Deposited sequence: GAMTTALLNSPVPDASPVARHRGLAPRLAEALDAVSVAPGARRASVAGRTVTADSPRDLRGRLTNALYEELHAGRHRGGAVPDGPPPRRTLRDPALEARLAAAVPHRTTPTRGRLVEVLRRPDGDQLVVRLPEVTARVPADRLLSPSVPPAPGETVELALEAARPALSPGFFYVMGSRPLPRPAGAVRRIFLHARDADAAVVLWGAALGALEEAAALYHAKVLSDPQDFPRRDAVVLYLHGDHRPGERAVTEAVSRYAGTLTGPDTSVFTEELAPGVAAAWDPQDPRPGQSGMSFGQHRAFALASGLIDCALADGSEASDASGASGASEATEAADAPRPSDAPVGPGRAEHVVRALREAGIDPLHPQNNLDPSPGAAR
C-alpha cells in the first residue's frame, strides 16, 4: 500500500506512474491512464504501448513553420557564427568569388572562401580548415528552430545533458529561448539548442530543448538561475516522469547510451518508453515480479532504474 512498496528497485516517480498502466495477460491489450491500446500480436502491442507511454508519461498529450515566430526566435539568438572544422577537398577558383569544397562531418559542402578562419589562407586539399558557419539553422530540425552555440562542441561529442523547458505558448518560448541562450553563452557552454517554430503545437514540455556537452554544470546552473524567474508562469509545471525536475516545467536527462547495436537514433523519451513497454510486455507474457521485469528491461537498455534520467556507468 505504497507505489514504492509494490515497485521496489525503481525511482518513485516511475513507480507512481506504473499504477496508471496495466497490460493484460498475453499482451494483446494494455491501458495507459484510460488510453486503452489493442493489438493482434504481443509484438505490435510493444510498439503501440510504447507510443501510449510516450504520449501520457513523457509528452503529456491526451503542419507548417511560422515566419513571424521564426523571425522573433532568430532575433533572440545572441550570436551568429559557429566555427566548424572539416577537411579541404578542393579550392575552386572563380573570378566571381573563390569557393571551398569542404568535407564537414555531416556532408561535403561548397563554402565561400571568405568564411575561412584557419588556416589564414586556403591550405592543400586534405588539410583541416575552420569556417565561420551560421549558428542558426531553421530547417535542420522539422517543427523547430535550431541553433548551434558560438563555441565548438567537443570532438568525441561525449554524453549530452538534455534540458527541457515546458513553454506554455509561443510568447513564453521567445522569452525562455532568449534567457536560456543569453545564460549559456555567458557561461561559455558547449551546446546546441532548439525551440518549437510552429505556434499551434504549444504547449509542449519539450518546447525548448538544450543539448549541453563537456561539463554541463555551469550551463545548467546558469540556465536554471535565468529561467526560475519564469518557472510556472511561462512554463507549465508538469514534466516527464523519466526526467529529473529542476523547477516547474524545467527538466533534465542524458541522451540514451544503449550498448545494444539495434538501439540508436532514439530520443530519450522514445527510448525510455520502449524499455518500459518491453518490460511491461515481458511481464504480461508469463503465468510485484512486475517491477522486476521493468527493472530488468531498463537495465538491459542502459537506463538506471533508480534514476532513469541517467545511464549506467
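Enquirer: Would you list the gaps, meaning deposited-sequence stretches without C-alpha coordinates, in the order they occur?
Expert: According to the deposited record, C-alpha coordinates are absent for 1 to 14, 77 to 89, 315 to 345, 372 to 378, which together make up the missing parts.
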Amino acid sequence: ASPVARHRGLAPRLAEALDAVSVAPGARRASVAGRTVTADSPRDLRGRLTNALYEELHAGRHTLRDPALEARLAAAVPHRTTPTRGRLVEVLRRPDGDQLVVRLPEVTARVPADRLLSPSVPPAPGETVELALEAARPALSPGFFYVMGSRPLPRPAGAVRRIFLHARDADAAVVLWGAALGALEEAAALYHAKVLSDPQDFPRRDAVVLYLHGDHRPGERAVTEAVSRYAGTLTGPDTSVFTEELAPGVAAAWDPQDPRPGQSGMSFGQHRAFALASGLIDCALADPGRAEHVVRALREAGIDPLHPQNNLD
From here on, numbers count along this sequence of modelled residues.
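Enquirer: Out of 21 to 29 and 290 to 298, which one has CA B-factors that are higher on average in the deposited record?
Expert: The entry gives the higher C-alpha B-factor average to 21 to 29.
Enquirer: Decide which of the stretches 124 to 132 and 105 to 113 has the higher mean C-alpha B-factor, going by the entry.
Expert: Per the PDB entry, the higher value belongs to 124 to 132.
Enquirer: Go through 163, 159, 223, 139 one by one and give the residue whose Cα B-factor in the PDB entry is largest.
Expert: Spelled out: the listed residue with the top C-alpha B-factor is 159.
Enquirer: If I read the C-alpha B-factors straight from the PDB entry, which of 279, 47, 261, 269 is highest?
Expert: Answer, based on the entry's C-alpha B-factors: 261.
Enquirer: Is residue 177 in the lowest, middle or highest third of its chain when residues are ranked by C-alpha B-factor?
Expert: Ranked within chain, residue 177 CA B lands in the middle tercile.
Enquirer: What third of the chain does residue 186 rank in for C-alpha temperature factor, lowest, middle or highest?
Expert: Ranked within chain, residue 186 CA B lands in the highest tercile.
Enquirer: Could you say whether, by C-alpha temperature factor, residue 37 belongs to the lowest, middle or highest third of its chain?
Expert: Highest third.
Enquirer: Please place residue 99 in the lowest, middle or highest third of its chain according to the CA B-factor in the PDB entry.
Expert: Residue 99: CA B-factor falls in the highest third of its chain.
Enquirer: Going by the entry, which third of its chain does the Cα temperature factor of residue 246 land in?
Expert: For residue 246, the deposited C-alpha B-factor lands in the middle third.
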